[PDB]
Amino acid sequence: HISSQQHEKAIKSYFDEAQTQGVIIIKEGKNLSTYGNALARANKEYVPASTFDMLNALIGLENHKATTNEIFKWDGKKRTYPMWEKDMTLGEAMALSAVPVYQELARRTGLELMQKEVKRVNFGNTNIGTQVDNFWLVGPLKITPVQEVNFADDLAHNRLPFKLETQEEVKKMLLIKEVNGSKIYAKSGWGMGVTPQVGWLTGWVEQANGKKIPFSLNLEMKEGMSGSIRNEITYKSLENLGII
């Protein structure tokens, strides 16, 4: 039916029309495919930004720094987004990308344990530096879109080196959409502490039949853009490829 030339052209056009530069990497079984309008982004390093929340949550839970029902209280200080001015569980903080919660979690884990855990799972360049509460936001920790799709593939298949229950607890936190029997699990990212800014959407689709298809979208955000472009491009791409 549809030629891969036409798939490549369609997905490129989604990035072109959002007036950005980006890539989406899709993995099917063992085969990695790179689509978009700036393919060379695929092996370039960027800050993980809020995508690190997934591994922050795995580490915190595995090491009993939190539980999935624990309510992280708002301290009452003004926050960047009014939606973050409330009490929340890790799960809620995951959907809202509430960095103050993931910062508190990182502080509980602590620098020594954080570094050792980031090494053990071999995440990105694995370097967190000396600042426990912003290493995923402004450097030194970096990761390529290929490395992110591989992380999502690992987590989707319970292959990371954490208890199965830890991985299931985090995965539950990541359900963002259901489309005709398919379930989309993903974590968004928007790094505003770097120039240029980076947008991420990394997760997988779980199809009706049980197959999991991981993906990582990576693009350049500029002041002005709506964050929902990350989602809109992702769904359009997955739909174009008949994955959903």
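For every residue, the number given is its place in the sequence shown, counted from 1.
Enquirer: Got a sec? Mean C-alpha B-factor, which is higher, 177 to 185 or 194 to 202?
Expert: Looking at the recorded C-alpha B-factors, 177 to 185 comes out higher on average.
Enquirer: Which is higher in the entry, the mean Cα B factor of 204 to 212 or that of 52 to 60?
Expert: Per the PDB entry, the higher value belongs to 204 to 212.
Enquirer: From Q103, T130, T89, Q147, which pick has the Cα B-factor that tops the rest in the entry?
Expert: Going by the entry's C-alpha B-factors, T130 comes out highest.
Enquirer: In terms of recorded Cα temperature factor, pick the maximum from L111, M94, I143, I71.
Expert: Spelled out: the listed residue with the top C-alpha B-factor is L111.
Enquirer: Among all modelled residues of this chain, ranked by Cα B factor, put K12 in the bottom, middle or top third, i.e. lowest, middle or highest.
Expert: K12: CA B-factor falls in the lowest third of its chain.
Enquirer: Relative to the other modelled residues in the chain, which third contains the C-alpha temperature factor of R41: lowest, middle or highest?
Expert: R41: CA B-factor falls in the lowest third of its chain.
Enquirer: Within this chain's modelled residues, let me know which third the CA B factor of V23 belongs to: lowest, middle or highest.
Expert: Ranked within chain, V23 CA B lands in the lowest tercile.
Enquirer: Within this chain's modelled residues, let me know which third the CA B factor of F135 belongs to: lowest, middle or highest.
Expert: According to the entry, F135 has a C-alpha B-factor in the chain's middle third.
Enquirer: Give the position of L155 by CA B-factor within its chain, expressed as the lowest, middle or highest third.
Expert: Its C-alpha B-factor belongs to the middle third of this chain's values.
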